[PDB]
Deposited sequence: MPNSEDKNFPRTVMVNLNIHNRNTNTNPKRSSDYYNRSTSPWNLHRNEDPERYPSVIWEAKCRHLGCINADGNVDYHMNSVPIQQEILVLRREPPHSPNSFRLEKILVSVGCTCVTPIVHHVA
């Protein structure tokens, strides 16, 4: 069906870290708020460095910290400001960072 009903009283399902800090590609969380969306608040990861932290605790510029982006669904109020009717909308969220070897190629 096009329209379905959804009970917003969330049940947790098997939901029972300092990774953001201990990582060689550490990140911080930034609050993204949208009153026309459910969830209204989304926390996005922003990599602290361009390079990665090495064994000596220094930034290695030969490696890159890259955000891992995921495609997430959100509920957008439709019509706008509606408390009880929504449309699914696909957005991209940064969920953390990883350390990668850079893509290399000569200028054409």
Inset, instruction - Write out the missing regions of the deposited sequence in sequence order, one range per stretch. - result: 1-9, 26-31
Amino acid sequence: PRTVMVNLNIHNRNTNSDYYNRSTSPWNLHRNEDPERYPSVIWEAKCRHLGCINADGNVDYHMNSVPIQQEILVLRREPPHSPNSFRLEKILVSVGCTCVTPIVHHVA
From here on, numbers count along this sequence of modelled residues.
Inset, instruction - Answer yes if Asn12 is missing coordinates in at least a third of the other compared entries, and no if every one of them models it. - result: yes
Inset, instruction - Look over 85-93 and 17-25 in the entry and identify the one with the greater average Cα temperature factor. - result: 17-25
Inset, instruction - For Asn54, return the chain-relative third of its C-alpha B-factor as stated in the PDB record: lowest, middle or highest. - result: highest
Legend entry - Ranked C-alpha temperature factor of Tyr61 among modelled chain residues, by third: highest
